[PDB]
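So you can see what is in the structure, the chains are spelled out below.
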Amino acid sequence: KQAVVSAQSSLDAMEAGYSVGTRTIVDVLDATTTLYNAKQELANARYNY
Amino acid sequence: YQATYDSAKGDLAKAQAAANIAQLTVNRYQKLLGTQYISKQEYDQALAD
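Residues numbered from 1 in each chain as written, not as in the entry; some residues may be left out. Chains lettered and ligands numbered in written order. Part of a larger assembly, values for the part shown. Heavy atoms only, no water.

Per the PDB record, the structure was determined using cryo-EM to 6.5 Å resolution.

See the structure below:
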């Protein structure tokens, strides 16, 4: 849950860092990708729960 | 005096150009302060401009 939230606002902070160009679109797909990873961690870990 | 006259008009247009650039950096470094977008630093750089 904290990884989904921090990956979400961190995803939006990568949208900030890409809107200013300090980070490329690669990090956008890393916080995006890692965000969906944490989505399957939480929801799939509800299944494993 | 015509040459220095219209030359002064031309450098006047140059000051309008650079002042336009500095004004647009003030505006679009001004509408996003206090955030991850733009800080006080490059804002005051645009104000020095």
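Engineer: Just checking my understanding: could you explain the pattern of salt bridges for this structure?
Structural biologist: Residue and element names in this part refer to chain B. A complete count under the given rule lists three salt bridges over all chains for this structure. The salt bridge partner of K9 is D6, with a shortest N-O separation of 3.9 Å. Note that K9 and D6 are positioned in helix α1 (residues 2-28) at a spacing of three residues, about one turn of the helix. Judged by relative accessible area, which is 37%, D6 ranks as partly exposed. As a salt-bridge pair, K40 and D44 come within 2.7 Å of each other at their nearest N and O atoms. Of this pair, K40 and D44 are both found in helix α2 (residues 40-48), four residues apart, which corresponds to roughly one turn of the helix. (Salt bridge = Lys/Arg side-chain N within 4 Å of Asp/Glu carboxyl O. Helix = DSSP H or I, 4+ residues; strand = E, 2+ residues; numbered from the N terminus. Buried < 20%, exposed > 50% of the residue type's maximum accessible area, 1.4 Å probe, protein only.)

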